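*Asks:* what follows is a protein structure lacking sequence information:
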Ligand SMILES: Nc1ncnc2c1ncn2[C@@H]1O[C@H](COP(=O)(O)OP(=O)(O)OP(=O)(O)O)[C@@H](O)[C@H]1O
Ligand SMILES: Nc1ncnc2c1ncn2[C@@H]1O[C@H](COP(=O)(O)OP(=O)(O)OP(=O)(O)O)[C@@H](O)[C@H]1O
Ligand SMILES: Nc1nc2c(ncn2[C@@H]2O[C@H](COP(=O)(O)O)[C@@H](O)[C@H]2O)c(=O)[nH]1
Ligand SMILES: Nc1nc2c(ncn2[C@@H]2O[C@H](COP(=O)(O)O)[C@@H](O)[C@H]2O)c(=O)[nH]1
């Protein structure tokens, strides 16, 4: 299907051009649609958290004392993402939370 | 310093997950690795919206 | 007057230049005035719905379950536009609605509604409430092509109290009826029916069997609505929507039998292998049907669907705030125009100003959704709340769509007059030519 | 079911007690529920407009030029209410409007619209477009009582291309017409008409001159609108407004001759010598007319106008609170056999019900029906809204709206536990229908 998927007319702004001026918000632009020959269930959303770690789910929980402790970090990793235990606590507390995950 | 209950994060993650897939489907690539690549390649394209185009 | 009309100074932005940057809304710009040497009444607002269909009125009703069913589709076609029957219903229901639009206006009525003499008066009173017709023929066996016994009309049964009485008791019987013999020209049949001062004229063969029927209503409809959108057979035009699943192949056949003229593909993004496969299949299997592909918003999408053989394209949305409709329409319509394919503007039309802009920047016709919801001819039940009359997720009553269409119509003419061209075909041409010019408005210029 | 319907515990406030203090709006109280042993459809909402006129539908269209000209008055009367032709117009205009209402529905149409054979089709199309009538008779010299030559109907001229042609060519000639001979009882002529499958039946004298006419349309309107408000001649009822100046004595004569059944006095405050005098004059001069005095808001005003010979009173018009005003004035006037019209403060069906329950026989609608199809003015568009022209939204046909208010009153009466509003009014005074005042906190949901 490469003939149908690849653009020749290329009607739209390229990213290099889009960001070549003002500082933009996400609201300042939209992504133009392409060509579909597959069910959305087959889409691979994975991404590299780090050079050697690939998250199946490109989601990381923020390291805030109101969001990520042992319980959240567990949930994130189970779903394919990861958690970052906040550092607003004693060294003993934070390590206790890591062991717990 | 108070926020609404949003249920289990497990349900919320699966909702985000399903949302990413529908969006990447709209763009027309079967992975975000490919979307990133083709953004740089100039095959995935954008449109800047005017401010009044953003109000509708 | 060409010397006075054609611009040399050309003070204003060209369209190619206007849309060369940001994605624009219709509000982001205005069309600069031209030169006027004609009354607005003479303006030709027509546009191509598809390659072979030209709408006198560049208006299409949206295929939503809240806007277009049989009643609306009738109204649109009568005024010179067209309707697209929504696809949120069984195949049987949707086809029932198509037949209902096609057979509303006839030349010769081929399968006239018939009943037997046994049938009670009550039954005929139900037919005028449901189908909306009279002049029901009473034939042998109820067969629509049986021996003609009589005819039932309004003044025959309005005074009757016992609704159980057979029709034979109150019908006008064959001996007293004025009929005609087949074959006869339609031109003559209607002159006979007119001079006859009756509302109906059966046409029979040698054995007094019913061949067809003429209605005087189809004479006045031809008179009160001289711009109606008709097919070769004098029947109103009717489009219908459909998805592009394999299952929907069966739905297309049904609609084809019911006699739609245009197939509108229903998709929020039509640049799919499915839609492409589907279009190819329709054109191969049903060559007589024109197909409106979509929705699309880019030239790249548009290329694929025109390749597959689309006769038209829907531009717009209908996740997800997408490509600004003004830009989308300009870009796609221009591309498609080169491939000889017209475009339908489908989204972002809040008022008449917007519709005019959408047609000037390249759309041949505009699809109306919200702008006509709440009119008499839309599906829904009327009700009251807080002294307001509503329809049903509830909208205000807007009277008959027929009045509203004529208001849009008059509005397009005044606008095209301001621009200074006697047709929207010419405005589109001269937009591309760089003779009709625009001005982008600043945001504060838009606040006054 | 008396042992169930009659209250002995009597948990609630009587009206006499409820209105014994400060002036109440309709929102200040509610009517406590009763006992139900009947379907709502069986409820009789009728009320006395004047002493001798009982409206099936206790609703009157206001005499405002925004609301009631000829078209509205018809619609009201057909549904069982009545219209009051406004007076912001010439005497000539106002009587012309009255005639349109009276001569709309007939039994026998006297003075049929008739034309000469020389007249072009163009004229028949204009009579059809303006006055809305068809079945135009063709007679000698166009005299409504001339020798009958033919009849012109829609199917005779809808197909004609040359609008200047004389009706003679396309009319149905007297030779081919089904007629009848005078005298003939109406109910028999209407039977011939139904049997003939025609839309019109002229009745002639011995010399083939037109005495009167029968319209099949009038037979459908008796079938479709069985509760139409009619006089003793089968015409729709019609009221018209007038002020009480000397100048207006002329106006009353014109309106009386046009055929009004009820005169409605237009005054911001009716307790004036001018109205007292005027009422006496109308009664000495035109005793066949019922008069509606007002507006008034106190018993003291009511006495003077009732003394003068009023047959009804407008209650309303910043001022005295309307719920109190209706109660205080209506109770007094009831004791003297005079019914009252509620004219003010009616924003919804709920208000209407309360107004009628606390003593008004009929209500006068103004704003609540402004913007309906039948009100004067033209429609126009703006901002995706349909409007009339100071502007109001399209409310559709008033006929649908009136049926809504009707069913609304029936539902309300059912909750209160009585099968008629006469009953409710009676039992309010008797203390068997009870209310409850509401705190301002209890009003805010
Ligand atoms: N072809 C015909 N020949 C003779 N009489 C007819 C014919 N068609 C209808 N009629 C009679 O004419 C009378 C009604 O006339 P007409 O058909 O003009 O009424 P109409 O208002 O057009 O009916 P509808 O409103 O139901 O269409 C009836 O008695 C009917 O039987
Ligand atoms: N009294 C009559 N005798 C004979 N023919 C009549 C009579 N009245 C009307 N007609 C004829 O009937 C035809 C018109 O149809 P009809 O009378 O059934 O009602 P109509 O045309 O629907 O009435 P309207 O003009 O109010 O619409 C014409 O040909 C007319 O000449
Ligand atoms: N007798 C009669 N039949 C009509 C008229 N108009 C349409 N028809 C026919 O009535 C049929 C519609 O009824 P259905 O088939 O839906 O029961 C179609 O065959 C249509 O052509 C009319 O005015 N009179
Ligand atoms: N021919 C005819 N006359 C009517 C009909 N209905 C009312 N009229 C009469 O037409 C006349 C109209 O009065 P005008 O408006 O001309 O003063 C009145 O005499 C009225 O009674 C109708 O259906 N046909």
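*Replies:* Looks like it arrived, so ask away. Numbers count the residues shown, from 1 in each chain, chains lettered A, B, ... in the order given. Ligands and ions are numbered 1, 2, ... in the order given.

*Asks:* let me see the contact set for the most centrally placed residue in chain A.
*Replies:* Geometric centre of chain A, nearest residue: residue A:58, 3.5 Å, by Cα atoms, centre = their mean. Residue A:58 is in contact with A:45, A:46, A:47, A:81, B:20, B:32, counting by Cβ atoms under 8 Å, 6 or more residues apart in numbering or on different chains. (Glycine included, C-beta is placed from N, CA and C.)

*Asks:* same thing with residue A:32?
*Replies:* Residue A:32 neighbours (Cβ under 8 Å, 6+ apart): A:11, A:12, B:44, B:45, B:46, B:47, C:297, C:298, C:323.

*Asks:* re the thing from before, which of the contacts of residue A:58 fall in helices?
*Replies:* B:20, B:32 (DSSP state H).

*Asks:* which two of the contacts of residue A:58 have the greatest separation?
*Replies:* Spatially, the most separated pair among the contacts of residue A:58 is A:81 and B:32, at 13.8 Å (Cβ to Cβ).

*Asks:* re the thing from before, in a markdown table, list the contacts of residue A:32 along with distance to ligand 2.
*Replies:* A markdown table is the format used below for these (distance: Cβ to the nearest ligand atom, whole Å):
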| residue | distance to ligand 2 |
| --- | --- |
| A:11 | 59 |
| A:12 | 62 |
| B:44 | 67 |
| B:45 | 64 |
| B:46 | 64 |
| B:47 | 59 |
| C:297 | 53 |
| C:298 | 57 |
| C:323 | 54 |
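
*Asks:* ok, of these, which one's closest to ligand 3?
*Replies:* residue C:297 (39.7 Å; Cβ to the nearest ligand atom).

*Asks:* pretty sure residue A:81 is touching residue A:54, no?
*Replies:* No. Look at residue A:81 against residue A:54 with Cβ atoms under 8 Å: they stay out of range, at 11.3 Å.

*Asks:* mind telling me which residue of chain A is nearest ligand 4?
*Replies:* Taking Cβ to the nearest ligand atom, chain A has residue A:33 as its residue nearest ligand 4, at 63.5 Å.

*Asks:* now that residue: phi and psi?
*Replies:* Taking degrees, to the nearest 10, you get phi -70, psi 160 for the backbone angles of residue A:33.

*Asks:* in contact with residue A:59, which residues?
*Replies:* Applying Cβ under 8 Å, 6+ apart, the residues near residue A:59 are A:76, A:79, A:80, A:81, A:82, B:13, B:16.

*Asks:* contact partners for the third one?
*Replies:* For residue A:80, the contacting residues are A:55, A:56, A:57, A:59, by Cβ under 8 Å, 6+ apart.

*Asks:* run the contact check for stretch A:2-18 versus chain B.
*Replies:* Yes. Against chain B, stretch A:2-18 shows contacts by Cβ under 8 Å from any Cβ of the partner chain at A:5, A:6, A:7, A:10, A:11, A:12, A:13, A:14, A:15, A:16, A:18.

*Asks:* which among those are in contact with chain C?
*Replies:* A:7, A:10, A:11, A:12.

*Asks:* contacting residues for the third one?
*Replies:* In other words, residue A:11. So residue A:11 contacts A:32, B:45, C:298, C:299, C:300, C:331, C:332, C:335 (Cβ under 8 Å, 6+ apart).

*Asks:* ok, the first one next?
*Replies:* Residue A:7 makes contacts with A:34, B:43, B:45, C:300, as judged by Cβ under 8 Å, 6+ apart.

*Asks:* my guess is residue A:73 contacts residue A:86. True?
*Replies:* No. In this structure, residue A:73 is not within contact of residue A:86 by Cβ under 8 Å, at 9.9 Å.

*Asks:* which of these two has more neighbours?
*Replies:* Each of residue A:73 and residue A:86 has its neighbours counted (other Cβ atoms under 10 Å in any protein chain shown); residue A:73 has more, 23 against 19.

*Asks:* which residue packs closest to that one, ignoring adjacent ones?
*Replies:* Of all residues not flanking residue A:73 in the chain, residue A:83 sits nearest, at 2.9 Å (Cβ to Cβ, 6 or more residues apart in numbering or on different chains).

*Asks:* how deep is the one you found tucked in, by neighbour count?
*Replies:* 24.

*Asks:* same question for residue A:31.
*Replies:* 19.

*Asks:* ditto for residue A:44
*Replies:* Number of residues near residue A:44 (other Cβ under 10 Å) recorded here: 15.

*Asks:* enumerate the residues of chain A near chain D.
*Replies:* So far as Cβ under 8 Å from any Cβ goes, chain A does not lie against chain D anywhere.

*Asks:* off-centre distance for stretch A:87-99?
*Replies:* Distance, stretch centre to chain centre, for stretch A:87-99: 25 Å (Cα atoms, centre = their mean, to the nearest Å).

*Asks:* buried set for that stretch?
*Replies:* For stretch A:87-99, the neighbour count (16 or more other Cβ atoms under 10 Å in any protein chain shown) marks residue A:97 as buried.

*Asks:* who touches it?
*Replies:* Stretch A:87-99 has contacts (Cβ under 8 Å, 6+ apart) with A:63, A:65, A:69, A:70, A:73, A:85, A:86.

*Asks:* list just the nearest of those residues to chain D.
*Replies:* Nearest to chain D among the contacts of stretch A:87-99 is residue A:65, at 40.9 Å by Cβ to the nearest Cβ.

*Asks:* wait, that closest one touches residue A:84, no?
*Replies:* No. Residue A:65 sits out of contact with residue A:84 when judged by Cβ under 8 Å, with a separation of 11.8 Å.

*Asks:* more neighbours: those two, which one.
*Replies:* residue A:84 (16 against 11).

*Asks:* isn't the more buried one up against residue A:63?
*Replies:* Yes. Counting by Cβ under 8 Å, residue A:84 does reach residue A:63; the two are 3.9 Å apart.

*Asks:* so what sits against both of those two?
*Replies:* Joint contacts of residue A:84 and residue A:63 (Cβ under 8 Å, 6+ apart) do not exist.

*Asks:* give me the residue from chain A nearest chain D.
*Replies:* Closest point on chain A to chain D, by Cβ to the nearest Cβ, is residue A:30, at 26.7 Å.

*Asks:* residues contacting that residue?
*Replies:* Taking Cβ under 8 Å, 6+ apart as the test, what residue A:30 contacts is B:46, B:47, B:49, C:23, C:321, C:322, C:323.

*Asks:* buried ones in stretch A:52-62?
*Replies:* Applying 16+ other Cβ under 10 Å to stretch A:52-62 flags A:55, A:57, A:58, A:59, A:61 as buried.

*Asks:* what is residue A:60 paired to in the beta sheet?
*Replies:* Residue A:60 has these beta-bridge partners by DSSP bridges: residue A:82.

*Asks:* could you measure from it over to chain B?
*Replies:* 11 Å (Cβ to the nearest Cβ, to the nearest Å).

*Asks:* and that residue, how far is that from ligand 1?
*Replies:* 74 Å (Cβ to the nearest ligand atom, to the nearest Å).

*Asks:* tell me who's in contact with that residue.
*Replies:* Contact partners of residue A:60, counting by Cβ under 8 Å, 6+ apart, are A:49, A:76, A:81, A:82, A:83, A:84.

*Asks:* residue A:24 too?
*Replies:* Per Cβ under 8 Å, 6+ apart, neighbours of residue A:24: A:18, B:48.

*Asks:* now it: phi and psi?
*Replies:* phi -100, psi 150.

*Asks:* please apply the same query to residue A:89.
*Replies:* Given degrees, to the nearest 10, the pair of backbone angles that residue A:89 has is phi -180, psi 170.

*Asks:* repeat for residue A:53
*Replies:* The phi and psi values for residue A:53, taken as degrees, to the nearest 10, are phi -110, psi 120.
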